[PDB]
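Chemist: Quick one: the structure is below, questions incoming.
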Amino acid sequence: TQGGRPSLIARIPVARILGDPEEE
Amino acid sequence: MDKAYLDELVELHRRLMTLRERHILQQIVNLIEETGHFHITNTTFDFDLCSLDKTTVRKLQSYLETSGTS
């Protein structure tokens, strides 16, 4: 009826870890 | 009862969401790649916490504790 089951997902843009999105 | 598991995952990620150490973050990423369980976007990188395995979750707990030699 009105339960709760959200999906815990974390987004981390590679541009942060890798540090190479679209160069310059 | 069974939410216990999910409870920890939430509490864990929550505590990390407060951290400011980027280095530790890099190591974690590798952990996610080790379990070969995640979803990398062609323009971004994301992964589910409730998808990781006990191994990963365990490594994460040790990361925050980082309690080795003392």
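We name chains A, B, ... following the order of the structure tokens; residues begin at 1 in each chain, and ligands are numbered from 1 as shown.
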Would you give me, as a compact mmCIF listing (two decimals) with N, CA and C atoms, in the first residue's frame, the residues of chain A that come within 8 Å of chain B, using only C-alpha atoms?
Modeler:
# COMPACT_ATOMS: atom_id res chain seq x y z
N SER A 7 16.35 2.62 -3.65
CA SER A 7 17.63 2.07 -4.06
C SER A 7 18.76 3.04 -3.73
N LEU A 8 19.68 2.61 -2.89
CA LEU A 8 20.80 3.45 -2.50
C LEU A 8 21.90 3.40 -3.55
N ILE A 9 21.98 4.45 -4.36
CA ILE A 9 22.99 4.51 -5.42
C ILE A 9 23.82 5.79 -5.29
N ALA A 10 25.12 5.67 -5.53
CA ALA A 10 26.02 6.81 -5.44
C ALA A 10 26.68 7.08 -6.79
N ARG A 11 26.62 8.33 -7.23
CA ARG A 11 27.21 8.71 -8.51
C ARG A 11 28.49 9.51 -8.27
N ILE A 12 29.58 9.07 -8.90
CA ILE A 12 30.86 9.75 -8.75
C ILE A 12 31.49 9.99 -10.12
N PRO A 13 31.26 11.13 -10.72
CA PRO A 13 31.81 11.46 -12.07
C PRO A 13 33.30 11.12 -12.17
N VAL A 14 33.63 10.25 -13.12
CA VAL A 14 35.03 9.86 -13.32
C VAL A 14 35.93 11.08 -13.35
N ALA A 15 35.38 12.22 -13.76
CA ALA A 15 36.15 13.45 -13.83
C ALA A 15 36.71 13.80 -12.46
N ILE A 17 37.57 11.06 -9.90
CA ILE A 17 38.55 10.03 -9.58
C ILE A 17 39.62 9.94 -10.66
N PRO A 21 37.95 14.00 -18.16
CA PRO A 21 36.63 14.07 -18.85
C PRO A 21 36.77 14.35 -20.34
Chemist: Residues near residue 32 (chain B), anyone? I mean within 7 Å using only C-alpha atoms, not counting same-chain ones fewer than 5 positions away, as an MDAnalysis selection string.
Modeler: chainID B and resid 37:38 56
Chemist: Write out, as a PDB file, in the first residue's frame, the residues just selected, with N, CA, C and O atoms.
Modeler:
ATOM      1  N   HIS B  37      31.262  -5.629  -9.991  1.00  0.00           N
ATOM      2  CA  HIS B  37      29.833  -5.352  -9.872  1.00  0.00           C
ATOM      3  C   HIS B  37      29.579  -3.851  -9.768  1.00  0.00           C
ATOM      4  O   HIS B  37      29.740  -3.257  -8.701  1.00  0.00           O
ATOM      5  N   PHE B  38      29.177  -3.243 -10.880  1.00  0.00           N
ATOM      6  CA  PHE B  38      28.898  -1.810 -10.905  1.00  0.00           C
ATOM      7  C   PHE B  38      28.340  -1.392 -12.262  1.00  0.00           C
ATOM      8  O   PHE B  38      28.133  -2.229 -13.141  1.00  0.00           O
ATOM      9  N   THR B  56      33.174  -6.367  -0.389  1.00  0.00           N
ATOM     10  CA  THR B  56      33.279  -4.927  -0.590  1.00  0.00           C
ATOM     11  C   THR B  56      32.858  -4.173   0.669  1.00  0.00           C
ATOM     12  O   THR B  56      33.641  -3.418   1.244  1.00  0.00           O
TER      13      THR B  56
END
Chemist: Could you pull out the residues in chain B that DSSP calls alpha helix (DSSP H) from the backbone, as a PyMOL selection string?
Modeler: chain B and resi 3-16+22-34+54-65
Chemist: Apply DSSP to the structure's backbone, then extract all residues of region 31-67 of chain B labelled strand (DSSP E) and return them as a list in words.
Modeler: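 Written out, the strand (DSSP E) residues of region 31-67 of chain B are residues 39, 40, 41, 44, 45, 46, 47 and 48 of chain B.
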Chemist: Just to confirm, what's the straight-line distance from CA of residue 7 (chain B) to CA of residue 67 (chain B) in Å (one decimal)?
Modeler: 22.6 Å
